[PDB]
Amino acid sequence: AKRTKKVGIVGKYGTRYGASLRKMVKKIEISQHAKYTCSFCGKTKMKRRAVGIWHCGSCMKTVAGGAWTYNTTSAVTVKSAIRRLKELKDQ
Amino acid sequence: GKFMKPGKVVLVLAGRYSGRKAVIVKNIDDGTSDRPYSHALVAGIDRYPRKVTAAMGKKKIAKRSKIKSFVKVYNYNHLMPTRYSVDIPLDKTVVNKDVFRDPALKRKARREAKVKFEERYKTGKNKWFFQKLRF
Amino acid sequence: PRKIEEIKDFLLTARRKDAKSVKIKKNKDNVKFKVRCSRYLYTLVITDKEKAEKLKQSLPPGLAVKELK
Amino acid sequence: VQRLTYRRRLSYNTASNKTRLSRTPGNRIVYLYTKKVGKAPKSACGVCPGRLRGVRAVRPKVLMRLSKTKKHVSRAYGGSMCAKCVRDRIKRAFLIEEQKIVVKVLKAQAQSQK
RNA sequence: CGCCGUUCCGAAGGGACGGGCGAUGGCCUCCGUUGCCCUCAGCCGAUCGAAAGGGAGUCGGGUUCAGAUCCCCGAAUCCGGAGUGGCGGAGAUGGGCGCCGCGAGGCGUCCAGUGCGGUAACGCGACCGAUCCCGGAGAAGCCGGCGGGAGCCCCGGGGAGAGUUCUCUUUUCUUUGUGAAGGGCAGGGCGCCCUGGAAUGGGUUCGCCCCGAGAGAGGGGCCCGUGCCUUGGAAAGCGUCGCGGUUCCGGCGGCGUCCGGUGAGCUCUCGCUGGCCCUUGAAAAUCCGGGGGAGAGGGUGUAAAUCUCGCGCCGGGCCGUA
RNA sequence: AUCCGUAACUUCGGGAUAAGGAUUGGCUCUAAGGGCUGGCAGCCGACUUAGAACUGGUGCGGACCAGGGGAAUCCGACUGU
Ligand SMILES: [Mg+2]
Ligand SMILES: [Mg+2]
Ligand SMILES: [Mg+2]
Ligand SMILES: [Mg+2]
Ligand SMILES: [Mg+2]
Ligand SMILES: [Mg+2]
Ligand SMILES: [Mg+2]
Ligand SMILES: [Mg+2]
Ligand SMILES: [Mg+2]
Ligand SMILES: [Mg+2]
Ligand SMILES: [Mg+2]
Ligand SMILES: [Mg+2]
Ligand SMILES: [Mg+2]
Ligand SMILES: [Zn+2]
Ligand SMILES: [Zn+2]
């Protein structure tokens, strides 16, 4: 059955810290504990070892990722930007 | 098509002789009752001849040119096939699968390969075959 | 302690220059021959009484032999 | 029931003060001090999580009095690298060395035309 | 007076396989030693800092008025040393050719021989090798769940001694061993191998979780085995009954030390798997493997260099300990 | 402890053991919940739960252990010092 109506994972904190902070941290708690698909092997095993460090239990490949998400929007934008400049550097 | 044929140079991947180079003598792609899997009889170099240079005497060169060979039957999965071939004529009356019944025949099978390898080594042909893979 | 299985090896043990004494212990089921060498106490367990008597009379000379009671 | 005491002056439950119970010929329970648990070697590949096989799992200074056969495996890198990653280096070393010849031949062949 | 500073403004190495020159020696044969030279050389920080951290290796029984894992008895082990450091085993005793014979085998020659087994995981008693390089161990938090093994508790019976017995109680109580180290085997674990190719997806846990990057199913391999058997070792210890003696004897004898069950039980321990961290949970001494192949070893033998194999030989000083 | 029942308010997590009731002994039974071996038969077994009769001068969580509760106001969010 559905046990909570809205708190979800942040139900571990009971009534403490205020609704808005619990609401805000709920997005991170889900993301930082999710298992992401590993781009190197495909098994849904990529898990966070520490803040910024993401490890896959299948192929053992460790990746420097985001604090709470596997890759950040800023980092993904920079990779495309660095790709384009490289092409326009060597044509 | 099929390429695991006699004369093919292969790299042993697993076992005591892993990383050594051998040459397929007999290949059985369908197996037998004793070996349901596909396998080959290969003869290879247990110990490679040491590097020689003009600075050494004849006695030193001969000492460093000896080869320790081995005879084995291998699963195809344990051999990496290369594109090199070595056409050393090995007497199949002594280099065959019956050499594994007793050591006396196996000693004469490894002896036969040792003499043929050394003779072909000193001609300077098949240099890649007699150089140890560095891994 | 080491356990010897065959009379052939025990006799070799008892002839070692560092073998000191042989104690014979008679139990209800077996006869045990123990030789005190330098490192180990080797033991031979013989279940046949006749062989135990035969082995007893065929020990090397000069070795102290003791019967335990 | 019988209650136990340490047999040494270290009265604390430290990592070097672990014990196990032992009944003796005198028919009493005493403490025997256990040796630490040894660890088998970890593969030099740094990738495989498991430890190696064919090697005694003993404390580092106990390897001094073991024979060689107990400390390695009959194979290249045996006792220092796992078989799985040894197969991979032979292929990698061979396959990479071949690509150099392929690249080199084209370089000379392209230069030949040039 | 001194202080700051600990690698920072320093010519910070007194070492080494090997080679070359001499001086000496001894089992004077040939091997040592020594001095100089050649060659090679990161560690980059003197030293101190833990009787709870790291750190090889000792357990059982007896013994005193008071000490014992220290004394005695018994059984082991680590480390260091010996090459006048001994023996065995390994390296290592093969093949071709030609003569002798019926053969077994034997002579003369010419070649090989720094071991071998398994498809593999890996196994076998050793199984050469330096400077140099790579790695492993030491060496890693907290919490949960689950499982294996022990000690203990509990249940059913056999013994031996004791209590109760006015009535009842085949009753109640006590007690009913086996060390380290070696060998063998259960058991537990494996992210180890081989065959094979899986959807009508299957396997699977309390939860999970796992699979074409190879699942199920077969057959193997390895690690720990603190559990049981065995050598130890019944000779000892203990229970009970009975005899002696100086009677302050490790005194002497009889019998016994047996057979099963069970558990979200408690304590310890090993292992598997998970959760938590904007927290990620020592270092070093010290030990080991691997890569390489500079070198050395003998010419077919009374074989050599060599050996992390099995035995054998010698030693372990100082301080604490009631 | 078992069974039932539980409001305002709320940051929907709580409030909450809210509040409020009933039951509880002893004894004799019934039913269900497993393992081993060769939809069945045999032999093992370990504690639980529920139900019923009977029963005592209504006494039964019999000692021990063991929250009183509700409606509000002020202050500080909380745990911590
Ligand atoms: Mg091994
Ligand atoms: Mg110090
Ligand atoms: Mg200390
Ligand atoms: Mg300490
Ligand atoms: Mg002693
Ligand atoms: Mg499978
Ligand atoms: Mg035991
Ligand atoms: Mg007795
Ligand atoms: Mg090597
Ligand atoms: Mg004291
Ligand atoms: Mg209230
Ligand atoms: Mg406050
Ligand atoms: Mg304070
Ligand atoms: Zn991956
Ligand atoms: Zn690996």
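Side-chain atoms are counted along with the backbone in the values below, which use heavy atoms only and exclude waters and symmetry mates. Numbered from 1 within each chain, the chains take letters A, B, ... in sequence-line order.
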Closer than 3.5 angstrom, by distance alone: can the side chain of [X] be matched with the main-chain N or O of [Y] as a donor-acceptor pair?
X        : Y        : result
C:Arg36  : C:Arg39  : yes
A:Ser31  : A:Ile28  : yes
D:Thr34  : D:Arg20  : no
C:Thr13  : C:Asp9   : yes
C:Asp18  : C:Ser38  : yes
D:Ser43  : D:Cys48  : no
A:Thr72  : A:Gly66  : no
D:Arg53  : D:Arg51  : yes
B:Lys127 : B:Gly124 : yes
A:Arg22  : A:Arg16  : yes

What distance separates [X] [atom1] from [Y] [atom2], expressed to the nearest 0.5 Å?
X       : Y        : atom1 : atom2 : value
B:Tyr76 : B:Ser38  : OH    : OG    : 5.0 Å
B:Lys63 : B:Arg50  : NZ    : CZ    : 9.5 Å
A:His55 : A:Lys61  : NE2   : NZ    : 11.0 Å
A:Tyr36 : A:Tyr70  : OH    : OH    : 10.5 Å
B:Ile67 : B:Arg120 : CD1   : CZ    : 11.5 Å
C:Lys34 : C:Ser21  : NZ    : OG    : 11.0 Å

Which pair of heavy atoms, one from [X] and one from [Y], lies closest together, and at what distance?
X        : Y       : value
B:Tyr121 : B:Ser65 : CE2-CB, 3.9 Å
B:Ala109 : B:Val94 : CB-O, 3.4 Å
A:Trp54  : A:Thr69 : CZ2-C, 3.5 Å
B:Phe135 : D:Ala76 : CZ-CB, 4.1 Å
D:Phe94  : B:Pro81 : CE2-O, 4.4 Å
D:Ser67  : D:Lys71 : O-CE, 3.3 Å

Just checking [X]: does its [atom1] atom have more than 12 heavy atoms from other residues, nucleotides or ligands closer to it than 6.0 angstrom?
X        : atom1 : answer
C:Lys20  : NZ    : yes
C:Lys26  : NZ    : no
C:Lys51  : NZ    : no
B:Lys125 : NZ    : no
C:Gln57  : CD    : yes

Quiz item: Would you call the rings of D:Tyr33 and D:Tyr6 parallel, tilted or perpendicular, where under 30° means parallel and over 60° means perpendicular?
Solution: tilted
Practice problem: May I ask you to decide if the ring planes of B:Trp128 and B:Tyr84 are parallel, tilted or perpendicular, using 30° and 60° as cut-offs? | Solution: parallel
Under a 4.5 Å cut-off applied to non-hydrogen side-chain atoms, are [X] and [Y] in contact?
X        : Y        : answer
A:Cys38  : A:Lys43  : no
B:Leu41  : B:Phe100 : yes
C:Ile7   : C:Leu11  : yes
D:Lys35  : D:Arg59  : no
B:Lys114 : B:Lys66  : yes
A:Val63  : A:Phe40  : yes

Quiz prompt | Derivation and outcome, side-chain contact (heavy atoms from CB on, under 4.5 Å), residues B:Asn96 and B:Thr93 | solution = CA-CA 7 Å; B:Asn96 65 69; B:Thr93 67; 5.7 Å; no
Quiz item: Can you list every salt bridge (charged side-chain N to carboxylate O under 4.0 Å, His left out) pair that touches residues 16-44 of chain B, not counting sequence neighbours?
Solution: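 Passing the test, one end in residues 16-44 of chain B: B:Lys2-B:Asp29, B:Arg20-B:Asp46.
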Practice problem: Could you list all the salt bridge (charged side-chain N to carboxylate O under 4.0 Å, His left out) pairs where at least one residue sits in residues 90-114 of chain D, not counting sequence neighbours? | Solution: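 Matches after skipping sequence neighbours: B:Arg83-D:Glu98, D:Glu97-D:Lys100.
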Distance only, no hydrogens: is a donor on one side chain within 3.5 Å (strictly under) of an acceptor on the other, for [X] and [Y]?
X        : Y        : answer
B:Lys97  : B:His39  : yes
C:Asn27  : C:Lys25  : yes
D:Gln113 : D:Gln109 : no

Self-check item: Axial cation check for C:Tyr40 ring with C:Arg2, 6.0 Å and 45° limits
Solution: yes
Quiz item: Checking B:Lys132 against B:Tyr48: charged group under 6.0 Å from the ring centre and within 45 degrees of the axis?
Solution: no
Exercise. With sequence neighbours excluded, tell me which residues meet side chain to side chain contact (heavy atoms under 4.5 Å, CB included) with B:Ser33.
Key: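 Expected list: none.
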Self-check item: Full working for side-chain contact (heavy atoms from CB on, under 4.5 Å) between B:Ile24 and B:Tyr74
Solution: CA-CA 10 Å; B:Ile24 300 181; B:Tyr74 275 119; over 6 Å; no
Exercise. Take C:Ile4 and C:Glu6 through the test side-chain contact (heavy atoms from CB on, under 4.5 Å) and record every step on the way to the result.
Key: CA-CA 6 Å; C:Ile4 305 181; C:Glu6 49 275 307; 3.9 Å; yes
Would you mind writing out the side-chain donor-acceptor pairs for residues 6-15 of chain B within the sub-3.5 Å range, not counting sequence neighbours?
unit_1: B:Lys8; atom_1: NZ; unit_2: B:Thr82; atom_2: O; d: 3.2

Would you list the atom pairs, donor with acceptor, under 3.5 Å between side chains in residues 62-69 of chain C and any protein atom, with sequence neighbours excluded?
unit_1: C:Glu67; atom_1: OE2; unit_2: C:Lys56; atom_2: NZ; d: 2.8

Exercise. List in chain and number order the residues that pass side-chain hydrogen bond (donor to acceptor under 3.5 Å, both in side chains) with B:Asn75, two or more places apart in sequence or in another chain; answer none if no residue qualifies.
Key: none
